[PDB]
Asks: 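Input: one structure, supplied below.
Every chain is numbered from 1, with letters handed out A, B, ... down the list of sequences.
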Amino acid sequence: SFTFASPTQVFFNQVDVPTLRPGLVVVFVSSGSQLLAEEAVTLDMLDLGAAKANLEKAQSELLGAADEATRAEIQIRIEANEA
Amino acid sequence: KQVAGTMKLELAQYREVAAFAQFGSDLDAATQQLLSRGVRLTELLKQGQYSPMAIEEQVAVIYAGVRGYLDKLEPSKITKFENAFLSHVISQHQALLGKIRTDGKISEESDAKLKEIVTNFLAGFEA
Amino acid sequence: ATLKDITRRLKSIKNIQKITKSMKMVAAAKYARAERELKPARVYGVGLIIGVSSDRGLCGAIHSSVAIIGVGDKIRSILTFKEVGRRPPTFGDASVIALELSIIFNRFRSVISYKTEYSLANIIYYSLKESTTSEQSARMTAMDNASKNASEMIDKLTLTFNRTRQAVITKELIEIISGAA
Amino acid sequence: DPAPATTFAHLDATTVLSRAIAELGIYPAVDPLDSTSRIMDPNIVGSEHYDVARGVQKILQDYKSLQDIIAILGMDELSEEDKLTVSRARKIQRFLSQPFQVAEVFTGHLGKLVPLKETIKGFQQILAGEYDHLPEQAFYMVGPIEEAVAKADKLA
Amino acid sequence: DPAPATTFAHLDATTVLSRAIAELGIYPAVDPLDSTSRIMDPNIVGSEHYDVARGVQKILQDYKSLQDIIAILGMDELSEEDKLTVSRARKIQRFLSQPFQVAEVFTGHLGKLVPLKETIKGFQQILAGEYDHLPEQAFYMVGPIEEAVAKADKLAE
Amino acid sequence: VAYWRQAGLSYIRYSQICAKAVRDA
């Protein structure tokens, strides 16, 4: 059997898995390790018109600024938004 | 009689909940509103000495609390608000106070005029 | 003992009775939310000390049973993270704790009963979701009983008040009659 | 009441019974904080006797002046320190109860008479925390402390 | 009691002392919630004086009503607004205490006389939260508010 | 070794950032 949940929602009680690494799951997951994810969502709820705004905003803080590991947090946010 | 009934009921409902007015940070909005209307009407029942009020002046203040125009005003400021408000209406809106007396109630026209005066007056006073 | 003393106590225990009842009702709603959130939290859960409880008391033996970090302001004051319990725990709460870094928590059974890398944050989260469900039930329970104890004390005190009230009147009258005779 | 109130000063030892205590099932229903003796004196009964007696009374008084909070919120709200004093005081309260040869129909137990040295030793051990692990009911309606041990063994 | 009860109506100002207060070491043991005066009137003493006096009485009555609830349910159950009124009220209770020149044999403190101007200012500032950061005991058994500040500094080391 | 793990950082902070970026979208 296959179990697939976020800390708040249960989806399931072949599985394509991104490695975790922000990406699509085909039976969108944020991260984690039964498939465990910090944020697992549709797919219907995601926008996506505002993720482009989030990607550009993250690429704006990157050309800051500057101080290491700040910065490394900005790049992670860019990786999550690109996916 | 058009305002005393509503006030009596809202204070009675407030008295049931008043004990935990300071012990209910997570209780639901419905009982939060009873408490909020509660110590507002209570503040409006406070009165200084040696200046008894004409009936039309009484109902104009009681109406303002009952119809909900002071629910966003800090409790501790209400007594000083009313003093300023009453001085203002007596001096400038005697025509309004006469209308509540000559007609023996608060009409829609009077209600609209009192709304404009109270709301705009409230914002200036709370600064 | 004396009417004035009982009068103050009576007003005090009357206020407590009301507050304890309202606290029971808030905790009942908080538990209702927590038990719903515990369902998908357990299925997620399946896959140094330091001590998990909360900031708020009046929940019986929640803090004492679990009692250098400790999550909950009661943990450090009896034996560090504050502002826990009031808002339901999240995975973000678990992350904060894990980033600042057995596990001792109260496991939920029923309304009456409770018992003492990335997976590190999962274990802290599991303990959190169980703890608050237990804590909210236990507070609901303890406050229900406290409000009942307050009720019985109000009755007991009101009876003492009224016996004293009558005795004072009778005694005064007997002194007056004795002086007149 | 003027009758009993005037009687006290005519006595060298007083045993004051309490209805509240009787209703809790403690017999004899002696109020341990309202019963006195002129020979309760270290120079008369020896320091050991005196110390254990006063130690018992201290823990009982400490339990007493928590009654207000306990009656409302229960024992679970108290500090660990106060919970310890409550648990021992409750065991001491029970160990102060005793089956009487004369009251066998009412207790259902054979009457017991306890030597003074055994009384001192039993309460000494409780105060020292030697029986903190034992259940409270084990100390109820026994003679010497050994009976409380044997009673607890049958329970668990 | 009929004797004092009948006396009240013959007075213009009443200072009521309380054993419940004396027992706490608060001297003079004046009950601030049972002492009255005909001239406690904004038109006689002025609005500043009257407002501070009523403010002090309100905070003390609010605290008195809370004491018994917090004695059982605990301080942590109070809202931030309530525990602010608690701490300020306890400082106000203490700032009402005062060493008397005739009481030096009882207090061990030099007697103090506080001008009315300084009395008003002192309670005004406590009410306004100007000394929220100072310990409770700094306010106990002093004259003017400057002595409470000095006492707070002395209490540090 | 991953870039975020050089000066700092944990995988807990990685997941915390990624999870929030999903919510904000």
Side-chain angles (χ1 to χ4, degrees), chain A residues 4-9 11 17-25 28-33 35-62 64-83, chain F:
Chain A
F4 178 37
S6 78
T8 326
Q9 200 187 338
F11 293 87
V17 179
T19 190
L20 296 172
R21 181 182 173 183
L24 283 164
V25 173
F28 193 81
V29 151
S30 75
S31 47
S33 62
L35 196 63
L36 302 179
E38 200 176 335
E39 286 294 327
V41 290
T42 42
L43 283 172
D44 318 319
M45 293 158 161
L46 285 169
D47 181 60
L48 249 62
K52 262 284 182 69
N54 287 359
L55 219 177
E56 289 185 355
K57 197 175 92 281
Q59 285 170 319
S60 286
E61 270 79 293
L62 182 71
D67 51 311
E68 294 179 0
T70 313
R71 262 290 289 190
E73 299 177 338
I74 288 164
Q75 280 278 22
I76 297 163
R77 194 157 56 89
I78 291 174
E79 199 212 353
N81 272 297
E82 279 173 320
Chain F
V1 197
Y3 70 95
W4 45 273
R5 211 182 290 269
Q6 204 75 359
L9 281 94
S10 185
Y11 180 79
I12 300 301
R13 179 81 185 130
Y14 181 90
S15 177
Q16 179 179 223
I17 292 155
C18 292
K20 193 207 175 187
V22 173
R23 296 177 204 125
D24 288 326

Asks: Salt bridge between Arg23(F) and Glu38(A), side-chain N to carboxylate O under 4.0 Å?
Replies: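 Counted as a salt bridge, because a side-chain N and a carboxylate O are separated by less than 4.0 Å.
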Asks: Which residue in the set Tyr14(F), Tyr3(F), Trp4(F) passes side chain to side chain donor-acceptor pair (under 3.5 Å) when paired with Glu79(A)?
Replies: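 Only match with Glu79(A) under side chain to side chain donor-acceptor pair (under 3.5 Å): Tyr14(F).
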Asks: Minimum heavy-atom separation for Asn81(A) to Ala21(F), with atom names?
Replies: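 Result for this residue pair: ND2-CB, 4.2 Å.
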Asks: Quick one: NZ on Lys57(A) to CG on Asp24(F), what's the gap to the nearest 0.5 Å?
Replies: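 It is 6.5 Å, given to the nearest 0.5 Å.
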Asks: Does anything in residues 44-54 of chain A form a side chain to side chain donor-acceptor pair (under 3.5 Å)? List the pairs, not counting sequence neighbours.
Replies: none
Asks: When the side chains of residues 66-73 of chain A are checked against the rest of the protein, which donor-acceptor pairs come out under 3.5 Å, sequence neighbours left out?
Replies:
residue  : atom : partner  : partner atom : Å
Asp67(A) : OD2  : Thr70(A) : OG1          : 2.9
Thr70(A) : OG1  : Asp67(A) : O            : 2.8
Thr70(A) : OG1  : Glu68(A) : O            : 3.3
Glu73(A) : OE1  : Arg13(F) : NH2          : 3.3
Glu73(A) : OE2  : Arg13(F) : NE           : 2.7
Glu73(A) : OE2  : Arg13(F) : NH2          : 3.4

Asks: What distance separates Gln16(F) CD from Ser31(A) OG, expressed to the nearest 0.5 Å?
Replies: 10.0 Å
Asks: Decide side chain to side chain contact (heavy atoms under 4.5 Å, CB included) for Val22(F) and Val29(A); before the verdict, give the C-alpha distance in whole Å, the side-chain angles of both, and the deciding distance to 0.1 Å.
Replies: CA-CA 8 Å; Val22(F) 173; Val29(A) 151; over 6 Å; no
